[PDB]
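For reference, the structure discussed in these notes is given below.
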Amino acid sequence: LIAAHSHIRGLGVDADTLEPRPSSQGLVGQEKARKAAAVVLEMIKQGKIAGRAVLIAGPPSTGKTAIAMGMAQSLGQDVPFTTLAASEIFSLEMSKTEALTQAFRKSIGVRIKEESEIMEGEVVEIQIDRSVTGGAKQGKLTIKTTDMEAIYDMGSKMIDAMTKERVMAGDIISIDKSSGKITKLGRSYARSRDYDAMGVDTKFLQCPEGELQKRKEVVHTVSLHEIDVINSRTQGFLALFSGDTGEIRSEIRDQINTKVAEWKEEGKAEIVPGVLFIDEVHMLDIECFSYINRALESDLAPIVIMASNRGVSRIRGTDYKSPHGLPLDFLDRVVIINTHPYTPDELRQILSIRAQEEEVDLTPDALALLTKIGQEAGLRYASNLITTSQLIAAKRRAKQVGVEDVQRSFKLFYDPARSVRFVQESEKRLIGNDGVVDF
Amino acid sequence: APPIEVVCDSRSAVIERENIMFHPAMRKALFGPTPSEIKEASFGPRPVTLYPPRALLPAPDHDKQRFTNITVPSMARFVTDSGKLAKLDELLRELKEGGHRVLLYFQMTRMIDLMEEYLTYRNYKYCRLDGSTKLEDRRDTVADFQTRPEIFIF
Amino acid sequence: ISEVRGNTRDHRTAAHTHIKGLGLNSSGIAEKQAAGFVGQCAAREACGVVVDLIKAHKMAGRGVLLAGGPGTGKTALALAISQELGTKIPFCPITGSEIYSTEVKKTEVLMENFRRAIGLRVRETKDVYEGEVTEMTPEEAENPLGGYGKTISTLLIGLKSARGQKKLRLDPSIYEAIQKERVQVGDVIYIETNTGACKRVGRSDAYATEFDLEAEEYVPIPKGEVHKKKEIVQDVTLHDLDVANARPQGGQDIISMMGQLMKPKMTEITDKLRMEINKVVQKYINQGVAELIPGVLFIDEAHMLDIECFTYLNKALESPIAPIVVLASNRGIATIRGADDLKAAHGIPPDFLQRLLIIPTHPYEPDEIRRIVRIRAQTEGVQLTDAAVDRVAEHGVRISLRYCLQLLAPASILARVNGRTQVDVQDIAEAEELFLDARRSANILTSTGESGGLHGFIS
Amino acid sequence: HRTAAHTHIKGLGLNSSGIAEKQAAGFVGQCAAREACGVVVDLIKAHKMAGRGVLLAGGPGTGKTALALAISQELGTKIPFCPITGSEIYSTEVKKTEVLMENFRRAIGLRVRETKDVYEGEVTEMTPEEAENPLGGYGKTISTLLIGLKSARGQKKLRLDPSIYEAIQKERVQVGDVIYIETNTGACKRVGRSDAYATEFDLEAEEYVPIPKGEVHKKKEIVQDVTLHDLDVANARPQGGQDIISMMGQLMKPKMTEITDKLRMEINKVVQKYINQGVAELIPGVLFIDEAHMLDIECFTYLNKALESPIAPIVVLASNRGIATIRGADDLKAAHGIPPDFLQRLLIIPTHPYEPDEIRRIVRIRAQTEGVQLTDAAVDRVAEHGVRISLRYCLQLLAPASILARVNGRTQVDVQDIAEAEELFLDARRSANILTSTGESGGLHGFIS
Amino acid sequence: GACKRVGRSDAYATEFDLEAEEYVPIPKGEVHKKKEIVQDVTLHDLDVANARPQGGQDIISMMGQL
Amino acid sequence: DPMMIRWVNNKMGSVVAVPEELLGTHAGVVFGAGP
Ligand SMILES: Nc1ncnc2c1ncn2[C@@H]1O[C@H](COP(=O)(O)OP(=O)(O)O)[C@@H](O)[C@H]1O
Ligand SMILES: Nc1ncnc2c1ncn2[C@@H]1O[C@H](COP(=O)(O)OP(=O)(O)O)[C@@H](O)[C@H]1O
Ligand SMILES: Nc1ncnc2c1ncn2[C@@H]1O[C@H](COP(=O)(O)OP(=O)(O)O)[C@@H](O)[C@H]1O
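Protein chains in written order, with my numbering: chain A, 2 to 440; chain B, 547 to 700; chain C, 485 to 943; chain D, -17 to 431; chain E, 144 to 209; chain F, 14 to 48.
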């Protein structure tokens, strides 16, 4: 569907000069922060430099998450990109520091390569020997391509997969020999006229040619957190999905770091360093910063990019204030990129992009009035007015939206600048910090 | 480590240890039925139940190393710890797929051994002749290689 | 067994019983005194626009605030939206004081309620053979295998439903079902099509007297078809998919037979699981099998969420698959619960408040309280004279709205105890002194309750 | 091959007489701290240590943890070094004093010789022999086996307990599987089908290995590096043997528990029994607690009794705080956050700020470490930023200025690239100035105060 | 209905020579001793014994964690 | 073959063989042997 960051298709800079284009790939209307984020993106794609800190500071509704999603769309589905929010760390299951350690180790991909052995061909006969009331199984599978005619054997798991798949005579199946999955591709004969509970006639494929035992080289990418969970527990796997991981001791991490270094040297694995994005870091207390400053000290730390909103705020868990709510022993390590509020000739084209994304057609008078509203209430009210005016124009059966639809939507739904006045007018029928009356 | 036990010097302590720390009801319930019980339940005239109706051990979720901690080197790291061996692997795969038959010569019989392994892993048929190989055995081996084309490397 | 009572099948009167919908025109303009509401024009028009946004499937993570004082109709508009959307679109009305748990972090119950608010409709087919077994007769093969005894090529089963019976030829590898499940003559089974392994439901009811004491469940004959080719619509919320992938329901071992045997614990769900489920649901939509239907997460009393929750709500609303979030706040300048620093409007932080389409809610006129009294009175069935309506409206204007809607039940009780059928002025003037409001209670509390003594309150 | 923040540090760079020579092996200057760290290192490598307190004071950005990595690369690989923080010990399963003691016993190592007794054979005949089983509910029970192992030189035909049979049975050992019964626990890992049953027409993807050469009853010695905390975890949650506590104890989820005083004393007596047999060697180590001011008073209370032990590693505390308030009780202020009673144990090492030429040397070393070559005017510009703004701000203006240099086709970094990267990427001070100046009033284009 | 094996009697002591039992003498009293005991139970012990299985057949409690 | 029941499925049809030693047992009640 159409979320609030679906129009963005990357960061929109040059590849040779990385100059900020004034209108390219959604992120339209800002030049300094997009150029600096392009430099950060290039030193992430280099992968050499480890353990930095980028702080995208600025007023709200200025496109900070938009720049973050622009870097996310620009890396593709290769490099990990954790979209961590700062309130998720405060768990009750695990400690507050170990949640940060997992959040760092989720953003270091390990890309390994392994050889599987796939089969191909037409099943000629199945032969299954079963015991009575519990016991082992025996299996002989005769399979034929256009060239070879093999009679393979089977174990218990292969028969448990065959009966799960219901592989009859005359099926084009492909068995991965290593993993042990069975995917029926279709049939070569037709459906028999002797049995009732047979099934559905599948796709008509011919007999495959070539060889039986073919080899394949697959590439598997796991984060370090998955390696930590599968090597921290004897039988309790799958806890890396259902979040049941209590604590991983340090003896496990100091062995997995060494084994990943050995896999890096052997040419088995490759370390792909990633991005940890922390949205609204001002909610973390000082007990988190006293670990974040020291986890950025090793070869396995991701390049942290994080946002903020606040001016001189007080740091949680303390008694004193600081710029951005972050301590001044942590603000030495970071590098702060500022963002600026917008200009109306940029708000016009941003609302034009948001209107063309949600498939809404406009008139220039309505767009001028909409820009006039967006000057005084931000983009977050104007985009909602776009969608609302689309549906009100759909209610009265109009092709394009007009001035009257925007005025209707402005009359119905208040911007916060009028809701503050609505609070400040009737203070006697709203619960403040005190009592309230009823007429 | 094994779990801590109690050194109490009565017979009852030993009986309670072998009835709690081992407790054969749970072991029978976990691993499954005795094959004698399977025979008396599957040759009888009427169907009868089993107190472990199937093996209630959970399936381990890691195929190569289940329920232990005892690992061993990996022929993988073997074939890559030697640059020659790594390059021989590529070449033997291509040779095999071509239907070529190889004499493969070494200056060290210790290496002949290491390799012998590797060939077992990649499951190629081979013979061996070295200075340890007795004379009529020599005749025999060479004759094989020459009689029976299944053998890929000598 | 269970004896059926032939009584009256009535219903109970809640506080929002009379609400039956928004009551709009065909153009969106509200109309007063329609479908339960009285007045409140602009709020009902805006909620109609919200309902249109929900049914148009263009909402993908919006947010709607309901301001206004207590006792003015925010929850009434919420139930009006929930009854306007219907039943086949989800609606999860949590409160603010329901995210605080003791098994998980409080920024996780929010995400599970998002997943409760999203529905998924799946249309599939069901092909089963069905009914009571009459025969299990084998058939000898044409070419028996040498070295063995019997060699059976096709196994015949006669299945008899409650409408018609049918002979069935089957592949012989149904035997492993029949020996393991102990299927005999007179046991209803179902045979599926994708695998074909029959599973016994139970002994039929016609054979419930061949023996005397040997009893189990005696299920009846399947009163339906013998060859179901029936299609099924199936509604699963994404919360159910998260739970069934995180904690599997039915396993065959010891420890998963202790997991369903011990108490189910809410556990936090890693984000890779949710990302994978979204990536696969968005694939099955593109195949054209499953329909995504977003719903409403009406978080009532939104000023109980502290500042650690709105930070997670910003992330959760920026997701590409999210329902609408209809908040409900009835505070003015309030201190946010988490950070005791900033006094913000509505209890909402100023960063989060920009996302919200703020719908106002105004107090009621002193000639609309009596119309609400008339509608509430004809809802409960309590009928009453016009001077009684004017007195209840007097108490409604001068004291409260929720208090004049609660002088109808004791007045009706005293009316049908005194010996009448309708409520007069005397019954309300008598019931106004058995049930004091908050105002006269505070007057007694301050005036008579002077200080802490013997016959005094405990301040 | 990733240049972290601490890559150029390769040691303290000391002379033979223990005198720190400046600009050697990564450091620049900092004499009185590196000589004291060399004294600490030779205090570690002499084993007359049962708990000594070494504090590393000094402001932020002066290289407190650079000395810690220098110590950890000066001790070597075979000496334990446990670095933690002050925020790491606030757990949710155990009390934090348990986490302190677990780190203290992570920081003590032991080197043990062991003699494993493998039975490495190929299974020939596997036949169970059940015993009498009267009416007791569970039914029959296998009590004796006759597994025949077949090595290359001399087979053997041995008889087993029920428990080692269950160890076999949870490994799915058929006839033909080579195994290696470990007669220390009882464990037995199947290796694969023997090559006498080899067939290329196969589907199970088994690993075919040849018959194990040598005697079937081998006996081999190895050397193992085990800390005392590993022994604590081993005796606490048992995961060895073939009984029920040590089998149902590896299907549950693992939880950190509170290893009490009695186990921590009994394992000390067991290790002393190992040392008296001439087998094991004890090697004590370092607990480096960075950011010690985050520890509250309930931890500095327990460090007294944790250091009074006859076996306790040397503690190295780091604390970049001046006169500050202790986290536990908010009514006594002290230097560094350390309480005034615990501070007397510590041998306090100061750390002094830098100079406008030492910053130039550190910038030059960091540039030739990362791989960014540049000109001397650019080095003077970065040193000017280092004097004015911060030390670890001007080091971070080299990584964009390389990339921007590669934008303009250059190789070395000139004045223009740093003059552009000082405008794209800002520090904290000018950002706070822009914050205070522009953020005048809260509203639409303001900041949330 | 509570039973305890005290040991092996000393008349069958030297049957073999290094058996491992606790050889105790035959009791030089009655075989049927009849005594009466007054004994108290608190209701909380009834509550605990009716809620959860206690002590006797509660063998899964040797794990300890949950 | 003692206690194992064979199932073979070819292009013509699919049949199930039962060993003679199991026809007297309770396993042959489905196959039409029985006790
Ligand atoms: N430069 C921009 N280009 C495109 N869209 C933008 C830009 N700036 C803001 N927006 C839109 O405005 C909305 C607010 O941006 P966001 O980053 O969420 O603000 P904040 O940083 O305050 O959270 C986003 O939905 C985004 O689509
Ligand atoms: N427009 C209306 N028409 C009829 N009844 C109303 C209307 N608005 C409010 N009510 C009644 O007022 C009562 C209290 O309103 P309520 O929904 O509790 O206010 P809030 O939403 O602030 O909690 C409800 O029982 C509802 O029946
Ligand atoms: N003597 C030195 N030589 C080289 N670099 C130094 C020296 N002292 C400090 N640094 C640099 O200072 C940076 C931060 O030092 P660090 O120890 O983290 O400061 P703190 O003492 O505040 O923890 C490191 O990247 C390191 O390169």
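For each residue, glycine too, the CB sits at the ideal point set by N, CA and C.
Would you mind telling me which residues of chain D sit closer than 7 Å to C/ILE739, beta carbon to beta carbon, in chain order? Residues of chain D with a Cβ closer than 7 Å to the Cβ of C/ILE739 are, in chain order, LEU233.
To the nearest angstrom, how far is the alpha carbon of C/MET750 from that of C/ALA560? Their backbone Cα atoms lie some 32 Å apart in a straight line.
Under a CB-based cut-off of 8 Å, is B/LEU665 close to chain C? At a cut-off of 8 Å, the C-beta of B/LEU665 has no neighbouring C-beta in chain C.
F/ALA46 touches chain A at which residues, Cβ-Cβ below 7 Å? Going along chain A, no residue has its Cβ under 7 Å from F/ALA46, so there is no contact; the nearest lies around 13 Å.
Any residue whose CB is nearer than 6 Å to a heavy atom belonging to ligand 1, listed in chain order: Those residues, listed in chain order, are A/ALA5, A/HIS6, A/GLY27, A/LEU28, A/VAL29, A/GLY30, A/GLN31, A/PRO61, A/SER62, A/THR63, A/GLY64, A/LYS65, A/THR66, A/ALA67, A/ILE351, A/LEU380.
Beta-carbon spacing of residue 489 of chain A, A/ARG334 below 8 Å: Nothing can be reported for residue 489 of chain A, as the shown portion of chain A is limited to 2 through 440.
Distance between A/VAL230 and A/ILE249 (C-alpha atoms, nearest Å): A direct Cα-to-Cα measurement between A/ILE249 and A/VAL230 gives close to 8 Å.
So is B/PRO593 in contact with chain D if we call contact Cβ pairs under 8 Å? With 8 Å as the cut-off, B/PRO593 does not count as an interface residue toward chain D.
Delimiting residues of the beta strand (DSSP E) encompassing A/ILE306: Residues 304 to 308.
Sub-8 Å separation of A/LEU2 and C/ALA774 beta-carbons: Cβ atoms of A/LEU2 and C/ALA774: not closer than 8 Å.
Tell me which residues of the region 806 to 823 of chain C have at least one Cβ-Cβ distance to chain A shorter than 8 Å, keeping chain order. Under the 8 Å Cβ criterion, the region 806 to 823 of chain C contributes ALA806, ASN814, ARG815, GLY816, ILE817, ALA818, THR819, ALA823.
Report the residue from C/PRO804, C/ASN597, C/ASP689 whose alpha carbon sits nearest the alpha carbon of C/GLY580. Comparing Cα positions, the closest option is C/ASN597.
Skipping 5 residues on each side, what residues in its chain have a beta carbon closer than 8 Å to that of C/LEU604? A distance below 8 Å between beta-carbons, with the five flanking residues on each side excluded, links C/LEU604 to the following residues of its chain, in chain order: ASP719, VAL720, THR721, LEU722, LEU725, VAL765, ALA774, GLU775, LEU776, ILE777.
If we ignore side chains and look at the alpha-carbon of each, how far apart do A/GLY237 and B/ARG623 end up? Distance between the alpha carbons of A/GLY237 and B/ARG623 is about 28 Å.
Terminal residues of the continuous alpha helix (DSSP H) containing A/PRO365? For A/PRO365, the enclosing alpha helix (DSSP H) stretches over residues 365 to 378.
C/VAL593, DSSP secondary structure in three states: In the structure shown, C/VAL593 sits in a helix (DSSP, three-state: H, G or I).
Hey, how far is the Cα of A/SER180 from the Cα of A/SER117? If you draw a straight line from the Cα of A/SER180 to the Cα of A/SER117, it comes to about 8 Å.
Could you tell me the alpha carbon to alpha carbon distance between C/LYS714 and C/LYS610, rounded to whole angstroms? C/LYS714 and C/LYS610: Cα-Cα distance of roughly 5 Å.
When DSSP labels each residue in this structure, what does A/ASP300 get in the three-state scheme? In the three-state reduction of the DSSP assignment, A/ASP300 falls in the coil class.
Beta bridge counterpart(s) of A/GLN128 as assigned by DSSP: According to DSSP, A/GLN128 shares a beta bridge with A/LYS141, F/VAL21.
With distances taken between CB atoms, is the gap from A/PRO342 to A/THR63 smaller than 8 Å? Taking 8 Å as the Cβ cut-off, A/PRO342 and A/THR63 qualify as a contacting pair.
In three-state DSSP terms, what is A/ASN339? Under the three-state reduction of DSSP, A/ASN339 is assigned to strand.
Please classify A/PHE278: is it buried, with 16 or more other beta-carbons within 10 angstroms of its beta-carbon, or exposed? It counts as buried.
Measure the alpha-carbon distance for C/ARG528 versus C/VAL780 and round it to whole angstroms. Approximately 17 Å, taken between the alpha carbons.
Output yes or no for whether 8 Å exceeds the beta carbon distance between C/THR795 and A/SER88. Yes, the Cβ-Cβ distance between C/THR795 and A/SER88 is below 8 Å.
Under 8 Å by beta carbon: chain B residues contacting A/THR134: The contacting residues are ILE584, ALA587, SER588, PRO593, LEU596.
Are the CB atoms of C/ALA893 and C/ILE912 within a distance shorter than 8 Å? The answer is no: Cβ separation not under 8 Å.
Run through chain F and tell me which residues come within less than 7 Å of A/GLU126, C-beta to C-beta. At a C-beta separation below 7 Å, A/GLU126 has these neighbours in chain F: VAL21, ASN22, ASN23.
Quick check on the DSSP output: the alpha helix (DSSP H) that includes A/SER175 runs from which residue to which? Not the alpha helix (DSSP H): A/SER175 falls in the beta strand (DSSP E), residues 172 to 176.
Can you pull the chain D neighbours of A/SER291, defined as C-beta to C-beta under 7 Å? Within chain D, the residues placing a beta-carbon under 7 Å from that of A/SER291 are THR67, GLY68, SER69, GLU273, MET276, ordered along the chain.
For ligand 2, is there any heavy atom lying closer than 7 Å to the beta carbon of A/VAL437? Flag unset: Cβ of A/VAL437 not near ligand 2.
Rounded to whole angstroms, what's the CA-CA distance from C/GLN524 to C/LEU918? Just pull it up for me. Approximately 32 Å, taken between the alpha carbons.
Could you list which residues in chain D have their beta carbon closer than 8 Å to that of A/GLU43, in chain order? What A/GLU43 touches in chain D: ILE385.
Opposing strand residues paired with C/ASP671 [DSSP bridges]: In the DSSP output, where bridge partners are listed per residue, C/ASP671 has C/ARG687.
Please state if the CB of C/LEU549 and the CB of C/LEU797 are separated by a distance shorter than 8 Å. Cβ distance not < 8 Å, so C/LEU797 and C/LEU549 don't count as in contact.
Consult DSSP for A/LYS260 and reduce its assignment to one of helix, strand or coil. Looking at A/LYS260 - three-state DSSP - the assignment turns out to be helix.
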